[PDB]
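What follows is a single chain, given as C-alpha cells, in the form deposited in one PDB entry.
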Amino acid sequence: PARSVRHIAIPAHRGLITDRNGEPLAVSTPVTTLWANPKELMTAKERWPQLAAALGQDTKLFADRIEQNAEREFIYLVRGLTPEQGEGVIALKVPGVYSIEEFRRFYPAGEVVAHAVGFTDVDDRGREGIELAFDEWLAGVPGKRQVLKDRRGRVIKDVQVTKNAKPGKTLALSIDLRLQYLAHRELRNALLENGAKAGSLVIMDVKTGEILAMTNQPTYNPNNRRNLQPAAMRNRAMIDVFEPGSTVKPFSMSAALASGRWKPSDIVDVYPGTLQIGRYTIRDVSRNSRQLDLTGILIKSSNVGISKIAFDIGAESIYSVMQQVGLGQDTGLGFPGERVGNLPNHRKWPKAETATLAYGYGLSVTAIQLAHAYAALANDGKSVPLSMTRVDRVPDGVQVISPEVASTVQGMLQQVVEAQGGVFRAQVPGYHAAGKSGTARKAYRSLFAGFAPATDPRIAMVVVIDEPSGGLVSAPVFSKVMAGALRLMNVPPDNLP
C-alpha cells in the first residue's frame, strides 16, 4: 500500500497484588524493551555491527537474523532492560531501532510466597497461583488506537484512541506476609533438622475461612525462573494427595458422639492390638492396651478401637461427616492443577472398608482440605468457605457438626496434646493447643493437624513433612509456627492461673 491505517493495542497496567495488610506481593514495573523495523534496518547495514555489539550478539548471527526477516515490520531485539541500557542503545540512533516501556511483574517477597502468588508469562498473563486464578481481575482491558503507517510500516501519525486501556484492579490476598515468613522459615528449618526432602504448611482463620499462610518446600524465586524445575514449582499443599490416617479419626469420633450411642468416658477393649475381619487384619501401631476410653483411642491412635466404634455406628455416619467438612471435595479456590482427592462412597459398607475409612486409609485428601476440615471442627462445628482473598464480610457458612459434639471433640484433641502419653511436643507455650498426628504411606509423610487456642479457637494448621530420617516430627513445627502465629495476631493466652 501507498499508506495503511492500522490497529494498535494499548497494554493495560496489571493490578497490584497485596497481602491482607496491603504489603506488595506482585507489582507491574516499567521495563525498557528495544524493538526494530527490519525494512528500515536494511537501509542502514553499516550500523548493524555497532547495534549487534551493543546487544552482545555475534555480528554474523545478528546480520543473518535481520536478512532472514527483511520482509517484516517488527522483531523484538531485547526485553527487560533498565532505562540506562535503553538510552545506551537509542544513543546509537540506528534507523528502525525503537525503545518502549513494557510492564513486567516484580515479586518483592520472592520465594517466600511463590506458590500462592505464582507468576506471569512473557505476554504478562498468569501462568501459576493467584496470577492465573485471578488473571481476568488483574489483567484489565487492553486499549486500542488508530495509527497511519508508510510503505515501510512505521507510525507516521496518531489518528485517535478508539478505546481507552482499562487498568487491572488491586487484589488483597488473605495471606498475612508476616505469618507466611514465619511459616516458610520454620518449615525450612524442620526439613533440615528432620532430614526431609519436601513439606507444606497451611494456616487458616477458623472464623473467616481465610488462608493466612500457605508455604511449600522446596520453593523457587519467581523473579529468576531460568533454571526451572517442576519439583520446586509444585504447589504441594493444593496438589499432593495422601491418605490422612489418624488425622481424620476426630471426624470418626464426631460421628460416634452424634450417633447417641457413645460418650467420651465409654470404653472399648482393643486387646490384643489386632482384629481379624474376614481375610483382613486391622493392626494397631501400639499393642500394649486392653480397655481404652474414646480419648485414649485418639491418644494411642488405636485402629482397632476406632474400627469397633465404626462397626457400631456404621460407615454411613462417618462418610457423611467427612463429606460435610469437605474431605475429597472441590475447595472452590480455582488454583491450577488443584486436586480434589477421593472420598469413596458405597451403598453397602463391608467391615474392611468401614474400618479403613474410620482410621483414615479409605480416602485421599490435600493439606488444604484437611486444614479446612480442622477449621470447621475448631469453629464449633461451622464450615466457612475457603478464601485466598481478604474476607471483609464473612459468609454465613454451614453447621456441619453440632456445637456440643464439636466442643467435646476439641476437648479430646486438647487432651491428645496435654494428657500423659499424649503428643507433648505439640503443646503451645501460652495457650491450650488441640490436634492429632498421623502418618500417610508413600517412605511416608509425617502429618500434624490442629488448632488453638483450645477453649476459644482462632487458627487451624496442617504440617506435612514428606520422608523424614512419624507424626512426632510435625508436632514441634506446629508448636513453633502456632505460638508465632497467635502472637503476630495478638491473640491472648487461655492457660492462666
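Here the rigid core means the biggest group of C-alpha atoms that line up within 1.5 Å when the two forms are laid on top of each other. A residue's number is simply how far along the shown sequence it sits, counting from 1.
Unmodelled residues of the deposited sequence between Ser469 and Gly470: 4 to 9. Count the deposited residues lacking coordinates between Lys442 and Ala443 and you get 10 or more of them. Between the stretches 70-78 and 281-289, it is 70-78 that shows the larger average CA temperature factor. When 355-363 is weighed against 122-130, 122-130 comes out higher, by mean CA B-factor as recorded in the entry. Considering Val391, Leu370, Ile100, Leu413 together, the PDB entry gives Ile100 the largest C-alpha B factor. Taking only the listed residues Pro83, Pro385, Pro250, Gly199, the entry reports the highest CA temperature factor at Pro83. Among all modelled residues in this chain, the alpha-carbon of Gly56 has a temperature factor (C-alpha) in the highest third. The entry lists a Cα temperature factor for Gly484 that places it in the middle third of the chain's modelled residues. Sort the modelled residues of the chain by CA B factor and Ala172 lands in the lowest third. In the PDB entry, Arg261 places in the lowest third of its chain by CA B-factor. Sorting the modelled residues of the chain by their CA temperature factor places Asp396 in the middle third.
Keep in mind that the form deposited in another entry is missing from the display, and what follows is about it.
Superposing the rigid core between this form and the one not shown leaves a single residue from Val241, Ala165, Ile313, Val391 with a C-alpha shift of at least 2 Å: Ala165. Relative to the superposed rigid core, the position of the CA of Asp64 differs between this form and the one not shown by 2 Å or more. Superposition on the rigid core between this form and the one not shown places the CA atom of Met489 less than 2 Å from its counterpart. In the core-superposed comparison between this form and the one not shown, the C-alpha atom of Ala12 has shifted by at least 2 angstroms.
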